[PDB]
Amino acid sequence: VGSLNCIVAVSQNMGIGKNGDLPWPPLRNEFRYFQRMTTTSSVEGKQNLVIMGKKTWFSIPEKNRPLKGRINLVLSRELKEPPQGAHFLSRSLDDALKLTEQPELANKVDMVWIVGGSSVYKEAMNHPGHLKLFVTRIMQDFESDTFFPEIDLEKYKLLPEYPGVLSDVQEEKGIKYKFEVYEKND
Ligand SMILES: NC(=O)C1=CN([C@@H]2O[C@H](COP(=O)(O)OP(=O)(O)OC[C@H]3O[C@@H](n4cnc5c(N)ncnc54)[C@H](OP(=O)(O)O)[C@@H]3O)[C@@H](O)[C@H]2O)C=CC1
Ligand SMILES: Nc1nc2sc3cccc(CNc4ccc5c(c4)CN([C@@H](CCC(=O)O)C(=O)O)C5=O)c3c2c(=O)[nH]1
């Protein structure tokens with residue numbers, strides 16, 4: 001299995017969700033960025049795995065579930081089986097990551113992408129080891145009821161460049177945003 005990564009889009013006030021959806025109206029190119037990052041694998045005959053909590057799964061419109069071209073894993077202790085259209089179910093983040101090295105997945109999985117929500121981002125971000133955060137900074141405040149955990153910059157270095165990530169300010173629907181990549185190894 002390859003690298004472990006988180007990806008998120010987050011307002012200035014650290015918001016990531018409101019009422020089961022995003023705090024901001026749809027930013028179609030930002031969504032396509034998310035698809036490109038999470039789906040693209042350099043490794044032949046492998047795909048990337050997405051790991052998400054249950055509410056994040058159900059926040060993706062059913063049309064777009066599962067996220068195509070990726071293996072979709074949902075975290076839940078209440079569900080007894082993966083939701084319709086999902087591929088796997090795990091009871092903890094530790095369990096999910098251990099599953100990626102069982103026989104079934106061991107030679108199928110390239111990158112692992114943690115796609116939220118708040119509690120899985122927090123536990124991953126403090127998981128010892130090599131981890132990257134792909135953070136889109138939405139450069140406005142938006143009313144939110146779900147928030148991104150603190151990024152400890154004494155361990156997460158903001159990288160000064162990354163191949164394939166645009167460095168300039170983006171703007172859709174009158175909302176400016178910019179892409180960042182952070183890396184720790186502890
Ligand atoms: N802006 C962005 O980039 C993103 C935005 N979002 C937004 O965030 C909101 C959803 O996130 P959030 O509310 O945090 O909810 P989550 O997606 O984290 O779902 C929480 C549910 O997931 C299960 N769960 C979470 N973590 C674990 C774990 N480690 N092990 C086992 N089960 C776990 C639980 O289910 P159970 O009770 O069944 O055990 C829990 O009640 C929505 O508004 C969505 O739109 C989400 C992702 C990204
Ligand atoms: N930087 C960032 N991180 C995260 S982490 C994360 C976890 C869950 C949900 C979201 C945002 N909600 C979405 C709802 C529908 C779609 C997508 C995302 C992507 N999707 C397509 C492509 C677009 C299409 O093909 O129409 C697809 O992936 O195949 C969808 O159809 C984000 C999200 C986010 O918005 N931005």
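The deposited coordinates for this entry were obtained by X-ray crystallography, with a reported resolution of 1.35 Å.

With that settled, consider the site of ligand 1. The local shell around ligand 1 holds 27 residues, among which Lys 54, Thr 56, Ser 76, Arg 77 and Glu 78 are the closest. Note that an oxygen atom of ligand 1 is positioned 3.1 Å from one of the backbone N or O atoms of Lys 55. At a separation of 3.4 Å, a nitrogen atom of ligand 1 approaches a polar backbone atom of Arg 91. Considering ligand 1 on its own, with 910 Å² of exposed area, one finds that the protein chains cover 82% of that surface. At the level of secondary structure, the elements contributing two or more residues to the shell around ligand 1 comprise β1 (4-10), β2 (15-17), α2 (54-59) and α5 (118-125).

Turning next to the site of ligand 2. Inspection of the region around ligand 2 gives 16 residues, with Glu 30, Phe 31, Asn 64, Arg 70 and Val 115 positioned closest. Residue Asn 64 places a side-chain N or O atom 3.3 Å away from an oxygen atom belonging to ligand 2. The side chain of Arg 70 places a nitrogen or oxygen atom 2.8 Å from an oxygen atom of ligand 2. If ligand 2 stood free it would expose 700 Å²; the protein chains cover 85% of that surface. Secondary-structure elements contributing two or more residues to the shell around ligand 2 are β1 and α1 (28-39). It is α1 that contributes the most residues to the shell around ligand 2, 4 residues altogether. Here the residues of the shell around ligand 2 sort into 10 nonpolar, 4 polar and 2 charged.

UniProt records the feature "domain: DHFR" at residues 3-184, using the numbering of this structure. With 20% helix and 31% strand, residues 3-184 has its two end C-alpha atoms placed 12 Å apart.

Let's shift gears to the pattern of salt bridges. Here the structure, examined in full by the defined rule, presents 5 salt bridges. Here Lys 132 makes a salt bridge to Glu 183, at a shortest N to O gap of 3.5 Å. Of this pair, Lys 132 sits in strand β7 (residues 130-138) while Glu 183 sits in strand β11 (residues 175-185), placing them 51 residues apart in sequence. Across the pair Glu 180 and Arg 137 runs a salt bridge whose closest N-O atoms are separated by 2.8 Å. Of this pair, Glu 180 sits in strand β11 while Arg 137 sits in strand β7, and the two are 43 residues apart along the sequence. The exposure class assigned to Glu 180 is buried, which follows from its relative accessible area of 11%.

Structurally, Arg 65 is set in the loop between α2 and β4 (71-75). Engagement of the side chain of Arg 65 in a polar contact is seen with the backbone oxygen of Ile 60, the distance being 2.7 Å.

Right, let's talk about the side chain of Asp 110 for a bit. Mapped onto the elements of the fold, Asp 110 is located in strand β6 (residues 109-114). Buried within the structure, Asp 110 lacks any salt-bridge partner; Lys 46 is the closest side chain of opposite charge, at an N-O distance of 6.0 Å. Within the structure, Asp 110 has its side chain in polar contact with the backbone nitrogen of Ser 42 (distance 3.4 Å). Aside from chain neighbours lying at most four places away, what touches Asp 110 is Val 1, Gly 2, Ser 3, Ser 41, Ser 42, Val 43, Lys 46, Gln 47 and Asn 48.

This part is about the nonpolar core. Of all hydrophobic cores here, the largest spans 30 residues; its most connected members are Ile 51, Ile 114, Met 125 and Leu 133. Elements represented by at least two residues in this core include exactly β1, β3 (47-53), β4, α3 (93-99), β6, α5 and β7. If you look at the next biggest cluster of nonpolar residues, it comprises 24 residues, including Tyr 33, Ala 86, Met 111 and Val 165.

About the cut-offs
- Residues numbered from 1 in each chain as written, not as in the entry; some residues may be left out.
- Chains lettered and ligands numbered in written order.
- Heavy atoms only, no water.
- Near = heavy atom within 4 Å.
- Polar contact = N/O pair within 3.5 Å; in protein donor to acceptor, adjacent residues only side chain to side chain.
- Areas by Shrake-Rupley, 256 points an atom, 1.4 Å probe, with all protein chains shown as cover.
- Helix = DSSP H or I, 4+ residues; strand = E, 2+ residues; numbered from the N terminus.
- Nonpolar A, V, L, I, M, F, W, Y, C, P; charged D, E, K, R; others polar.
- UniProt positions renumbered as here; feature names shortened; annotations may be inferred.
- Salt bridge = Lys/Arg side-chain N within 4 Å of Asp/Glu carboxyl O.
- Buried < 20%, exposed > 50% of the residue type's maximum accessible area, 1.4 Å probe, protein only.
- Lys, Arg positive; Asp, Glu negative; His and termini not counted.
- Contact = heavy atoms within 4.5 Å.
- Core = buried A, V, L, I, M, F, W, Y, C linked by side-chain atoms within 4.5 Å.

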